[PDB]
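Participant: Below is one structure. I have some questions about it.
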Amino acid sequence: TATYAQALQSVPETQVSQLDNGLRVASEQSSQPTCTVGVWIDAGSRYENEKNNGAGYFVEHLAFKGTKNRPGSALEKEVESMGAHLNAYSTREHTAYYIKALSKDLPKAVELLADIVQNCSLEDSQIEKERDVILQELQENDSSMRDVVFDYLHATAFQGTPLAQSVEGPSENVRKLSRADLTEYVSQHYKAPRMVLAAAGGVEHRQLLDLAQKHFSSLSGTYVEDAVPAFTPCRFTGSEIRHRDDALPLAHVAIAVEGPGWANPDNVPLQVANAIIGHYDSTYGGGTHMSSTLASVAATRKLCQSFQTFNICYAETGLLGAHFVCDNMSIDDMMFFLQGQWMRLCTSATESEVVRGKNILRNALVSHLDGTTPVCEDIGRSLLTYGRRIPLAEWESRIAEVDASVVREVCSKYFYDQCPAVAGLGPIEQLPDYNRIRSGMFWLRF
Amino acid sequence: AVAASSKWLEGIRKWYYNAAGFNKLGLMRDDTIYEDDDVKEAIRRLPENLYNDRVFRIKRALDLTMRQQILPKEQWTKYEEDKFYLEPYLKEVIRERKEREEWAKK
Amino acid sequence: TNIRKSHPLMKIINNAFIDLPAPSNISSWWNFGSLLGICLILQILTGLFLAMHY
Amino acid sequence: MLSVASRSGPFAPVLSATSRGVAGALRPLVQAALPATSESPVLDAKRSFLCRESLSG
Amino acid sequence: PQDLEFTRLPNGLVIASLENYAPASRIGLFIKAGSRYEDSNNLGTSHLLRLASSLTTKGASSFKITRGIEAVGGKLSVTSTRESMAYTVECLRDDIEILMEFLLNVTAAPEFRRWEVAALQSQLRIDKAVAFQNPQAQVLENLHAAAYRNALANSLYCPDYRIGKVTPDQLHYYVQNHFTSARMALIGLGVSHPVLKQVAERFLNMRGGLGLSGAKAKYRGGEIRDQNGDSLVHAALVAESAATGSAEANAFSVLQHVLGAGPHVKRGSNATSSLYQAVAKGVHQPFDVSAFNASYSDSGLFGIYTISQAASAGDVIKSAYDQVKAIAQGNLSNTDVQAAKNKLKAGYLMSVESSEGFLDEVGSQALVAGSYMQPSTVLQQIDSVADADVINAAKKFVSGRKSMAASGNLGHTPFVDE
Amino acid sequence: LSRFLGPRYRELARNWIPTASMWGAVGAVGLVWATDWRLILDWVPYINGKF
Amino acid sequence: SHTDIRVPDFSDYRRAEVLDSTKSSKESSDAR
Amino acid sequence: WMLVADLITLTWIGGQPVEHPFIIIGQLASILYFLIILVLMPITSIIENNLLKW
Ligand SMILES: CCCCCCCCCCCCCCCCC[C@@H](O)O[C@H](CO[C@H](O)CCCCCCCCCCCCCCC)COP(=O)(O)OCC[N+](C)(C)C
């Protein structure tokens, strides 16, 4: 019958084969009648210099809009025919082209990806569609709050770091770039082993490989002219960022201290902390006077509209942090408690709280891993990360690995006396000035 | 074991209730208990009519303590006329307290 | 535009004796404290002149 | 096929004691906002946007 | 890696249970109850109830419920369509045993403390105001009140004036009644089925037969136009449609999927929509034109749903209905018919595939049809649909009386007929 | 008064002991430094303010 | 909007040990 | 009120120079104080917590 061990071993593992041009292939055999083909290209926003800051977003917005093989309306009508849900996005660091689709269409789907990534046709009228749409879209993105807050957070916590600039990039840079340089972007970044083929489902692995072989074999691997990107272990500034805007109905805020990179052993216990802080939102009947302690007081005195703990991790470095919406008169108040929570994690972190956070974490994993697309993505990102699909038995051995001593140590190594990087979009006015904010990172009692 | 001795026990419960001053105040035993945070919330557990009753009765009692005249004994709360509608609410409160705290320490 | 309420100079006193609510039932016993206050003021003014010559 | 999700239209709200109070149904999206003029509602004691239930590391 | 042990009980309660190797142990206890069961006299007992899911039970303090959730790491959520409320709980396989009892204990007989109820009457305001934050939503609870006499015209949420006047007693009514043990149907998953009957019987004995379940509610032509300041009116036009589970309803499905359920190309285009191509050629871009169709067990409501500029919404809704007429002309290429059938299959495959859509699906047929089924049979009956029967459904939507709704600027958004 | 008792409280005091015990040592030695206490100054090789 | 905002230079105010854009801050938290 | 008696007793002893009979009255006065405040009254209030069945 049902037991945790079946939850452990019922999951099949991916294979990791590789092409001549270095493209690697992986796909768990999920025995799933539907399948989501995927290629998570490793190119991303942090890579480009300021000259071509938004190029990945541009290509993101014109992959299917024009391909060299067939007119884009033909490919469009094709996907409309197949009934497959095509999809694509781009993080700061993981550009992604993947097609949710039927297993029956699979060879058509993969070659269709070959039609996408390997080549694109760029009508200057189509490029004009790119430009006028995005230039009309910027203003819409300004209208959004959360993104703009995190945009300041990345724009300030890192500053001179390549990672700091906006993914879409500058309003002016976008109304400038040449078609040719875009092709240059494609030709310097969109090549293996940056690409990582994946498609968990009922797809048969060997057929997937053989199918890849007919298309992506053509794809380049050698870098042009021996030009070769190299990276930095980028510095983390602690500068605070305080945008105001009084006319906006609510203050809207995110704090973030420096975190571990997207390949760091301590990230799992840190994830537990995200549960330990326990995120909140206005809708819940789960708050009232319960939930997590900060969520509790936020629900008790109607502090927070909502707040969300988060643990972003880029390959070099992460960002431990929190994000609350807030009424003007309680701005400091949520803060007044929030930093304490970090110190609460420092000294006197009860193991009961620890197991609470671990359980919520495990639930977060299993909840993430439902469905085809999410796990195709897991295959599509874990390889870029550690490599590996990093199996859940390992993750949960690693969750059992955590102890309150280790928790207090890591929290000490990040929360206990460390310079905050804070960003706000409000109006903010109640919010304490940096030192005062900085004052809270260390208890006077300890 | 115990039998009619208990009858004597509620006997002195009755007589000492007479000995109690609030008996002469026309005040229910619920009326006299101190408003600790538990008790306040217990008052806010109350249905509106019992609220307005405890309110107005305590008010008349205070008015009589201001003009310093005692109630007529005819108007005394009788030992058997009284209700005890704070008690369930109270027991709820303490149980919630023990629950939240034993949950806390564990 | 109350000269009492609006004007800060005396507002604490409006917070104090001028218009603090107090229970309808109070014996002489609660008056005793204020008596003690007046006695204290008298101890000051008396001890003061004492020092004026002592 | 009688599930509302299989026949886009009527709402199937899923309010909860833990996860953010998700609700609503298509009423198709995405390609609406991209064409010019589409402010999207913002901040009136608003519940958190985007929502994150699929965390990893 | 299995098919479920489908159930009936002498007291009646489906307990489907798809045993799996899947870690995400879950159950989704269901109720046939919803907003439709109420009349004008007591709107919104429903929504306050769905929020009353958080309340203390006879079996546990609300403290012990909320703590009992978060500590184990498991969690709960409440789906509640008009046709069915749907309690749901999710967790680890060795941890389901306690949590399952919670929802049982949740669905047992929680006391409806008056202070707690007035306290959640606070929650009602926020939760309603944020639920309707969507411009689309502004049409939908509206639109159902536009095309219906009562039950299906009921709002999922109590109107704000009703809120304080919503009472615990009405909750006692709707719970003591419509929450029938028969109407309800548990849907286990990661747990083995036979044990699921066991603990369920702790509660399954509760509650007597049926409930009021009257007032079928029937179509009316009534226009509703709220008028707001939005630049982008979202006009929608609907004739009543056959529903549900009828082959004709399948024809409505093929019909709307000719338009498409929604875009398949994010940050792109959707040419396979027929009406959208019909309008965009005649109208400047800032709009959307898309399929819509209510499909209640009692009745359905097919119609165009049309996001639009207030400057020229009428050109959009007219060109769209013109295209619908073009299908109703008998004027139909068969290519996009089969393509639409393929869309039927695809969308159904995805909606089935995710565990949420899977379980909600399984309950959605089990609550009414009472028949657990592999999807492939559904694919067979859905590919069985006649190509001309599409022309039939088009003829019906052109035929039936047309309730219309379009909250927004209402500058140039002409009433149905006149 | 019984609330002070508890499974976390034992662990909690266990945790807080180093910080507050350190203060006592700091407070004690500092207080000796402030009153310029005698007999311990006998025991210091360096700080003998006495000849 | 959120795009065209930028952080103007502070390097002249920065400590020499963190003055460059490549180095770890955490390496310098101790000395600083 | 018995405590009132104990304290006034301490005053009247306070006028009285140290003497044996007042030594016995001395320790008796002290112990009387201790038991009157520290212990007795709360136990009484417990007893009427029973009588009032609090
Ligand atoms: C330090 C230890 C001290 C121990 C003893 C303390 C004793 C305290 C005594 C002081 C307390 C106040 C005394 C109570 C007086 C009763 C009130 C009486 O004065 O009437 C008031 C009237 O007071 C005056 O109107 C106040 C304004 C006028 C003041 C003008 C001063 C005139 C004489 C001052 C002489 C100063 C000469 C200085 C030359 C350089 C109004 O109050 P009220 O009880 O409601 O009367 C209602 C009747 N109405 C309608 C007529 C009003």
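Don't worry about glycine lacking a Cβ; one is built from the backbone with ideal geometry, like all the others, and counts go over all protein chains shown. No value in this document is a laboratory result; all are computed from the given coordinates.
Participant: Which numbered condition trips up E:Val258, out of (1) of a type in the set (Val, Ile, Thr); (2) surrounded by fewer than 17 Cβ atoms within 10 Å (Cβ to Cβ); (3) within 30 Å of E:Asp383 (Cβ to Cβ)?
Facilitator: Looking at each condition in turn, E:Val258 falls short on (2).
Participant: Scanning segment A:4-40 for residues that are touching a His at 6+ places or on another chain (Cβ under 7 Å) and not in a loop (DSSP other than H, G, I, E, B), which turns out surrounded by the most Cβ atoms within 10 Å (Cβ to Cβ)? So that I can check it myself, show each step before the final result.
Facilitator: Taking segment A:4-40 as the starting set, the residues that turn out to be touching a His at 6+ places or on another chain (Cβ under 7 Å) are A:15, A:27, A:29, A:40.
From what's left, not in a loop (DSSP other than H, G, I, E, B): A:29, A:40.
On the way: A:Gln29: 16, A:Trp40: 25.
Across segment A:4-40, the extreme among qualifying residues is A:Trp40.
Participant: Spot the failing condition for A:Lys100; the list is (1) more than 9 Å from every other protein chain (Cβ to nearest Cβ); (2) farther than 30 Å from A:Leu248 by Cα, and only one is missed.
Facilitator: The one condition A:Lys100 does not meet is (1).
Participant: Looking only at helices (runs of 4 or more DSSP H) that fall completely inside chain H, which ones have 3 or more residues that are within 14 Å of chain B (Cβ to nearest Cβ)? If you could, list the steps in order and put the result at the bottom.
Facilitator: On the way: elements: H:2-14, H:20-35, H:41-51.
In chain H, the matching helices (runs of 4 or more DSSP H) lie at H:41-51.
Participant: Go through (1) more than 11 Å from chain A (Cβ to nearest Cβ); (2) more than 25 Å from the chain's Cα centre (by Cα) one by one and return the number of the condition E:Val195 breaks.
Facilitator: Only one criterion is unmet by E:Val195, namely (1).
Participant: Taking F:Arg10 as the residue in question, decide whether it is of a type in the set (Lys, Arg), within 14 Å of chain B (Cβ to nearest Cβ), out of contact with any helix residue (DSSP H, G or I) (no Cβ under 7 Å at 6 or more places or on another chain) and in a helix (DSSP H, G or I). Give the steps one after another, and end with the answer.
Facilitator: Details: of a type in the set (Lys, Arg): yes; within 14 Å of chain B (Cβ to nearest Cβ): yes; out of contact with any helix residue (DSSP H, G or I) (no Cβ under 7 Å at 6 or more places or on another chain): yes; in a helix (DSSP H, G or I): yes.
Yes; evaluated as a whole, the condition is true for this residue.
Participant: Oh, and also: Go through (1) touching a helix residue (DSSP H, G or I) at 6+ places or on another chain (Cβ under 8 Å); (2) surrounded by fewer than 24 Cβ atoms within 10 Å (Cβ to Cβ); (3) within 27 Å of E:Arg36 (Cα to Cα) and name the single condition E:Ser274 misses.
Facilitator: With (1) touching a helix residue (DSSP H, G or I) at 6+ places or on another chain (Cβ under 8 Å); (2) surrounded by fewer than 24 Cβ atoms within 10 Å (Cβ to Cβ); (3) within 27 Å of E:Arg36 (Cα to Cα) applied to E:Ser274, the lone miss is (3).
Participant: Do we have A:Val79 as hydrophobic (A, V, I, L, M, F, W, C) and touching a residue at least 40 places away in the same chain (Cβ under 8 Å) here? Full working, then the answer.
Facilitator: On the way: hydrophobic (A, V, I, L, M, F, W, C): yes; touching a residue at least 40 places away in the same chain (Cβ under 8 Å): no.
Spelling it out, it is not the case that A:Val79 is hydrophobic (A, V, I, L, M, F, W, C) and touching a residue at least 40 places away in the same chain (Cβ under 8 Å).
Participant: Next question. So if I check each of A:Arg388, A:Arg438, A:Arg398, A:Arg356, which one is touching a helix residue (DSSP H, G or I) at 6+ places or on another chain (Cβ under 9 Å) and under 27 Å from F:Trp16 (Cβ atoms)?
Facilitator: Working: A:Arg388 fails: under 27 Å from F:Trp16 (Cβ atoms); A:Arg438 fails: touching a helix residue (DSSP H, G or I) at 6+ places or on another chain (Cβ under 9 Å); A:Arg398 fails: under 27 Å from F:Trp16 (Cβ atoms).
Result: A:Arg356 is the single residue among A:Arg388, A:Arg438, A:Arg398, A:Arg356 that is touching a helix residue (DSSP H, G or I) at 6+ places or on another chain (Cβ under 9 Å) and under 27 Å from F:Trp16 (Cβ atoms).
Participant: Can you tell me which residue within segment E:160-201, out of those that are in a helix (DSSP H, G or I) and aliphatic (A, V, I, L, M), is farthest from E:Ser122 (Cα to Cα)? Quick ask: steps written out before the conclusion?
Facilitator: Residues of segment E:160-201 in a helix (DSSP H, G or I): E:160-165, E:168-176, E:193-201.
When the remaining residues are screened for being aliphatic (A, V, I, L, M), the result is E:163, E:171, E:175, E:195-196, E:199-200.
Details: E:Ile163: 8, E:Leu171: 16, E:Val175: 21, E:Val195: 40, E:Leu196: 36, E:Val199: 35, E:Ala200: 33 Å.
Per the stated criteria, the residue is E:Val195.
Participant: Let me ask something additional. Give the number of residues within segment E:97-123 that are part of a helix (DSSP H, G or I), farther than 13 Å from E:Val199 by Cβ and within 11 Å of another protein chain (Cβ to nearest Cβ).
Facilitator: Just the residues of segment E:97-123 that are part of a helix (DSSP H, G or I), to begin with: E:97-107, E:114-123.
So of that shortlist, the ones also farther than 13 Å from E:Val199 by Cβ come out as E:106, E:114-123.
Those still in the list that are within 11 Å of another protein chain (Cβ to nearest Cβ) too: E:106, E:114-116, E:118-120, E:122-123.
Qualifying residue count for the region: 9.
Participant: Please determine, by comparing only the residues of segment A:230-289 that are within 13 Å of chain E (Cβ to nearest Cβ) and among the β-branched types (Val, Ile, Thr), which one is farthest from A:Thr161 (Cα to Cα).
Facilitator: Restricting to residues being within 13 Å of chain E (Cβ to nearest Cβ) and among the β-branched types (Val, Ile, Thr), the top hit is A:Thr288.
Participant: In the set A:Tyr190, A:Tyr223, A:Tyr185, A:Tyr152, which member is touching a residue at least 60 places away in the same chain (Cβ under 8 Å) and over 20 Å from the mean Cα position of the chain (by Cα)?
Facilitator: Working: A:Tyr190 fails: over 20 Å from the mean Cα position of the chain (by Cα); A:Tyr223 fails: touching a residue at least 60 places away in the same chain (Cβ under 8 Å); A:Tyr152 fails: over 20 Å from the mean Cα position of the chain (by Cα).
After ruling out the rest, the residue left standing is A:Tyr185.
Participant: Which ones in segment E:317-339 are of a type in the set (A, V, I, L, M, F, W, C) and within 9 Å of another protein chain (Cβ to nearest Cβ)? Explain how you work it out, then say what you get.
Facilitator: At the first step, the residues of segment E:317-339 found to be of a type in the set (A, V, I, L, M, F, W, C) are E:317, E:320, E:324, E:326-328, E:332, E:337, E:339.
Scanning segment E:317-339 gives a single hit, E:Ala339.
Participant: Restricting the search to segment C:3-12, which residues are among the hydrophobic types (A, V, I, L, M, F, W, C) and away from the ligand (no atom under 16 Å from the Cβ)?
Facilitator: Here is the first cut: in segment C:3-12, the ones among the hydrophobic types (A, V, I, L, M, F, W, C) are C:3, C:9-10, C:12.
Matches in segment C:3-12: C:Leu9, C:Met10, C:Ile12.
Participant: Have a look at A:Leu197, A:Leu219 and point out the one that is in a strand (DSSP E or B) and surrounded by 13 or more Cβ atoms within 10 Å (Cβ to Cβ). Please lay out each step first, then the result.
Facilitator: Working: A:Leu219 fails: in a strand (DSSP E or B).
The match here is A:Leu197.
Participant: Moving to a separate point now. Identify all residues within segment C:13-51 that are more than 16 Å from the ligand (Cβ to nearest atom), more than 14 Å from chain B (Cβ to nearest Cβ) and either loosely packed, with under 10 Cβ neighbours inside 10 Å or more than 13 Å from the chain's Cα centre (by Cα) (or both); write none if there are none.
Facilitator: Within segment C:13-51, C:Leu20, C:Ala51 qualify.
A quick yes/no check of all residues on (1) within 14 Å of chain C (Cβ to nearest Cβ); (2) under 29 Å from F:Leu1 (Cβ atoms); (3) loosely packed, with under 15 Cβ neighbours inside 10 Å:
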residue	(1), (2), (3)
B:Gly11	no, no, yes
B:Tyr17	no, no, no
B:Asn23	no, no, no
B:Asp36	no, yes, yes
B:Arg54	no, no, no
B:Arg57	no, no, no
B:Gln69	yes, no, yes
B:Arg95	no, yes, yes
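Participant: Inside segment E:355-393, can you point out the residues that are part of a helix (DSSP H, G or I), more than 9 Å from chain D (Cβ to nearest Cβ) and polar (S, T, N, Q)?
Facilitator: E:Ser355, E:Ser376, E:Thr377, E:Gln380, E:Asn392
Participant: Can you list residue pairs whose Cβ atoms sit under 7 Å apart, with the first residue in segment E:133-151 being within 7 Å of another protein chain (Cβ to nearest Cβ) and the second being part of a helix (DSSP H, G or I)? Count only pairs 6 or more apart in sequence or on different chains.
Facilitator: E:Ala137/E:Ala131
Participant: Exactly one of (1) under 20 Å from A:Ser306 (Cβ atoms); (2) surrounded by fewer than 21 Cβ atoms within 10 Å (Cβ to Cβ); (3) under 21 Å from the mean Cα position of the chain (by Cα) is unmet by A:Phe324. Its number?
Facilitator: Of everything listed in (1) under 20 Å from A:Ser306 (Cβ atoms); (2) surrounded by fewer than 21 Cβ atoms within 10 Å (Cβ to Cβ); (3) under 21 Å from the mean Cα position of the chain (by Cα), A:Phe324 misses just condition (2).
Participant: Also: Among E:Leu51, E:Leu76, which is the only one that is facing another protein chain (nearest Cβ under 7 Å) and in a helix (DSSP H, G or I)?
Facilitator: Values: E:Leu76 fails: in a helix (DSSP H, G or I).
On inspection, the qualifying residue turns out to be E:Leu51.
Participant: Say whether the condition of being in a helix (DSSP H, G or I) and either away from chain A (no Cβ under 14 Å) or crowded, with 22+ Cβ neighbours inside 10 Å (or both) is met by at least one residue in segment E:401-408. Show your work before the answer.
Facilitator: Initial filter on segment E:401-408 (in a helix (DSSP H, G or I)): none.
No, every residue in segment E:401-408 fails to be in a helix (DSSP H, G or I) and either away from chain A (no Cβ under 14 Å) or crowded, with 22+ Cβ neighbours inside 10 Å (or both).
Participant: Might you let me know whether segment E:12-23 holds any residue that is farther than 20 Å from E:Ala215 by Cβ, part of a loop (DSSP other than H, G, I, E, B) and away from chain A (no Cβ under 14 Å)? Working first, answer last.
Facilitator: Quick first cut of segment E:12-23, residues farther than 20 Å from E:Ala215 by Cβ only: E:12-23.
Applying the additional criterion that residues be part of a loop (DSSP other than H, G, I, E, B) yields E:12-13, E:18-23.
Then keep just the ones that are away from chain A (no Cβ under 14 Å); that gives E:12-13.
Taking every residue of segment E:12-23 in turn, at least one turns out to be farther than 20 Å from E:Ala215 by Cβ, part of a loop (DSSP other than H, G, I, E, B) and away from chain A (no Cβ under 14 Å).
Participant: Let me spell it out: the conditions are (1) over 24 Å from A:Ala180 (Cα atoms); (2) part of a helix (DSSP H, G or I), and A:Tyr98 meets all of them except one. Which number is the exception?
Facilitator: (2)
Participant: Moving on. Give the residues of segment E:261-289 that are away from chain A (no Cβ under 14 Å) and under 24 Å from the mean Cα position of the chain (by Cα), sorted by residue number.
Facilitator: E:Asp288, E:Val289, listed by residue number.
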